[PDB]
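K.L.:
Residue numbers (the entry's author numbering): 4 to 241.
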């Protein structure tokens, strides 16, 4: 028998990713997924505010039944707990201006300047991945600073996620001025397959479901359909 009620901990921090209604209602892209799952699981879903750093402890304190946030999933993390409801693939994407023709390849990247966001696997990984390749990389401490450089042409391209890029980049007039270099490259191991919900292994039955429900969404293209609606990109590409 499945749980009578499911407690989810979601703390909106990125409008594009989530948000809150002044009417007291809760809205967000990740929320819509949970609802669809709630029906499939045939149970009640309750959202509780709480920061990631608190989500992990809360899960241990049995305070929450599941964790739903931007938190990325990784093999190393899987060894600790169980993950599912995978939202989207968080690989990488290249953003360049139509003026400069750049294709998904380290070669064409050689001699080109690339900007990255400090405090990430890209910079650290790049410092070695794109280091011996003879590629110049710059780390920034501002998210908007990176886009500003791109719009200025100070950077030949930036390694960002597809969903995050389109969700914001394209979702903003900035993308209109420039938008090219879809699929790029990057180690998926750093961020795993992408992002998902943090569940405990004991969730043998729940995991079996959520996973089953996810497969159904793919069969009916519910996931892909929603993605195409929210934004025009490729989930597979990540």
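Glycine included, every Cβ here is placed at the ideal spot set by N, Cα and C.
#1: Around the C-beta of residue 16, are 16 or more other C-beta atoms found within 10 angstroms, so that it is buried, or is it exposed?
#2: Residue ranges of each alpha helix (DSSP H) run of no fewer than 4 residues wholly in the stretch 157-223, ordered along the chain?
#3: Report yes if the C-beta distance between residue 197 and residue 161 is below 8 Å; otherwise report no.
#4: Drop a sphere of 10 angstroms on the beta-carbon of residue 239, count the other beta-carbons inside from all chains shown, and report buried for 16 or more, exposed for fewer.
#5: Could you tell me if residue 147 is buried or exposed, where buried requires 16 or more neighbouring beta carbons within 10 angstroms of its beta carbon?
#6: Candidates 128, 190, 235 and 136: which alpha carbon is nearest residue 280's?
#7: Of the residues 14, 167 and 216, which one's Cα is nearest the Cα of residue 53?
#8: Applying the 10 Å Cβ sphere with the 16-neighbour rule, what's the burial state of residue 125?
#9: Could you pull out every unbroken alpha helix (DSSP H) segment of at least 4 residues lying fully inside the stretch 50-131, listed in chain order?
#10: Cβ atoms of residue 200 and residue 32: under 8 Å apart, would you say?
#11: Mapping the DSSP letters down to three states, classify residue 232 as helix, strand or coil.
#12: Going along the chain, which residues of its own chain have a beta-carbon closer than 6 Å to the beta-carbon of residue 216, five neighbours each way excluded?
#13: Anyone know if the C-beta pair for residue 164 and residue 93 falls short of 8 Å?
#14: Could you spell out where the alpha helix (DSSP H) holding residue 148 opens and where it closes?
P.N.:
On the basis of the supplied data:
#1: By the 10 Å Cβ count, residue 16 comes out exposed.
#2: Scanning the stretch 157-223 for uninterrupted alpha helix (DSSP H) segments of 4 residues or longer gives 176-180, 191-194 and 207-222, listed from N- to C-terminal end.
#3: Taking 8 Å as the Cβ cut-off, residue 197 and residue 161 do not qualify as a contacting pair.
#4: Burial state of residue 239 is exposed, judged by a 10 Å Cβ sphere holding fewer than 16 other Cβ atoms.
#5: Classification of residue 147: exposed, given that the 10 Å Cβ count is below 16.
#6: Because residue 280 is not part of the residues shown, which for the chain are 4 to 241, the question remains open.
#7: Of 14, 167 and 216, the residue nearest in Cα terms is 14.
#8: Result: buried.
#9: For the alpha helix (DSSP H) assignment, the uninterrupted runs of no fewer than 4 residues enclosed by the stretch 50-131 are, from N- to C-terminal side, 55-63, 78-83 and 109-112.
#10: No; because the gap between Cβ atoms is not below 8 Å, this pair is not in contact.
#11: The DSSP-derived three-state label of residue 232 is helix.
#12: Taken in chain order, the residues that qualify are 40 and 43.
#13: Yes, the pair counts as a contact, with Cβ atoms nearer than the cut-off.
#14: Element bounds for residue 148: 146-155.
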